[PDB]
Amino acid sequence: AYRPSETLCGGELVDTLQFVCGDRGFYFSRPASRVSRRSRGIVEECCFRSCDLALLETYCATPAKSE
Amino acid sequence: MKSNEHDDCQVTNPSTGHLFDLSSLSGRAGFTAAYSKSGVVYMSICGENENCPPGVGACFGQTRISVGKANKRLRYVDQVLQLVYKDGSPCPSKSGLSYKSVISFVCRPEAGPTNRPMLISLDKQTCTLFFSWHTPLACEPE
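Residues numbered from 1 in each chain as written, not as in the entry; some residues may be left out. Chains lettered and ligands numbered in written order. Heavy atoms only, no water.

Under the annotation held in the PDB entry, chain A carries the name Insulin-like growth factor II and is attributed to Homo sapiens.

In structure tokens:
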């Protein structure tokens, strides 16, 4: 089986987020916030480059919000 | 007959001659189990599920990622009916890795709320999903 994208921009990206961050919350695209947490991530990275689960998992929503 | 094991989802127990047929649980529609809040997993026993790309035995229904091709390699390992699926889709966690669903059937003669694919855990690094299923169909009466 061969697919044109090893990294399905959109599909694999948002599904992996929703998969393990369904409960935690998933948002790698942040326009703004009064917390100044407006930093988008992984979108262009994991679209064109190969990524590891660590990146997306430790990103998820906010890195220290389960604490 | 040669081997109590068969690549037909049916295994005979060498201790009491109990023939476990898991084809009785087979199906094309399969069974739907809830995983992530906004996601369900499609799973068909010994067959392929039609809700996901042809050949798929296990698949999450959000984007339709395959976590196991519809194989039928059932193994009987110490009262445990193992139905292992492999050759899924490349696991995004590690580029080039593949998903795998391990179906583990356990004897539950009293039946109950355990007669449903119970996700034990997902081995995070190896993209291996473990599934429990407690049913009296998978039991040999001692």
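Caption draft 1: Broad picture of the overall build of chain A. Across its full length, chain A holds three helices and zero strands. Ordered by position in the sequence, the α and β elements of chain A form the string α-α-α. Across the 67 residues that make up chain A, the buried fraction comes to 36%. For chain A, the exposed surface amounts to about 4,500 Å²; the carbon and sulfur share of it is 54%. If the 9 positive side-chain charges of chain A are averaged to one point and the 9 negative ones to another, these points end up 13 Å apart. (Helix = DSSP H or I, 4+ residues; strand = E, 2+ residues; numbered from the N terminus. Buried < 20%, exposed > 50% of the residue type's maximum accessible area, 1.4 Å probe, protein only. Areas by Shrake-Rupley, 256 points an atom, 1.4 Å probe, with all protein chains shown as cover. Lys, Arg positive; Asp, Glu negative; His and termini not counted. Charge placed at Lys NZ, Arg CZ, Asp CG, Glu CD.)

Caption draft 2: Up close: the pairing of strand β4 (residues 40–43) of chain B. Residue and element names in this part refer to chain B. The sheet contact formed by strand β3 (residues 31–34) and β4 spans four bridges and is antiparallel. What sits directly across from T32, in β4, is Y42. Joining the antiparallel neighbours β3 and β4 is a turn of five residues. (Pairing = 2+ DSSP bridges.)

Caption draft 3: Representation of the side chain of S93 of chain B. Along the chain, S93 of chain B falls in the loop between β9 (90–91) and β10 (97–98). Those residues in contact with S93 of chain B, other than ones at most four positions away along the chain, are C51, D52 and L53 of chain A together with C127 of chain B. (Contact = heavy atoms within 4.5 Å.)

Caption draft 4: Main features of unusual backbone geometry. Its identity is not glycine, yet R64 of chain B carries a phi of approximately 75 degrees, on the positive side. When you line up the elements, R64 of chain B lands in the loop between β5 (56–60) and β6 (65–69).

Caption draft 5: Spatial organisation of the interface of chain B and chain A. Contact with chain B, which involves 14 residues of that partner, is made by 15 residues of chain A. Both sides of the chain B and chain A interface together cover about 1,400 Å² of buried area, and 57% of this is carbon and sulfur. Sorting the residues of chain B by area buried against chain A places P92, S93 and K124 of chain B first, and these three jointly supply 32% of that buried surface. Connecting chain B to chain A are two salt bridges. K124 of chain B is the partner of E57 of chain A in a salt bridge, and the nearest nitrogen-oxygen pair spans 2.6 Å. At the junction of chain B and chain A, the tally comes to six residue pairs in polar contact. Partitioned by chemical class, the residues of the side of chain B that touches chain A number six nonpolar, six polar and two charged. (Buried area = accessible area lost by both parts, 1.4 Å probe. Salt bridge = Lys/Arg side-chain N within 4 Å of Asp/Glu carboxyl O. Polar contact = N/O pair within 3.5 Å; in protein donor to acceptor, adjacent residues only side chain to side chain. Nonpolar A, V, L, I, M, F, W, Y, C, P; charged D, E, K, R; others polar.)

Caption draft 6: Spotlight on the sheet that holds β4 of chain B. All names here are of chain B. Strand order in the open sheet formed by four strands is β3-β4-β5-β6, with antiparallel pairing between adjacent strands. Two strands lie at the open edges of the sheet, namely β3 and β6, each paired on one side alone. Adjacent strand axes in the sheet meet at a mean angle of 20 degrees, parallel and antiparallel pairs treated alike. (Axes fitted to C-alpha atoms, helices over the stretch in contact; angles between N-to-C directions.)

Caption draft 7: Spatial organisation of the pairing of β5 of chain B. Residue and element names in this part refer to chain B. Of all five residues making up β5, five are buried, and the element is well covered by its neighbours. For β4 and β5, the ladder comprises three bridges, and the chain directions are antiparallel. Residue pairing across strands places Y42 opposite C59, the latter belonging to β5. As paired elements, β5 and β6 share four bridges and run antiparallel to each other. Across the sheet, residue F60 finds its bridge partner in β6, namely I65.

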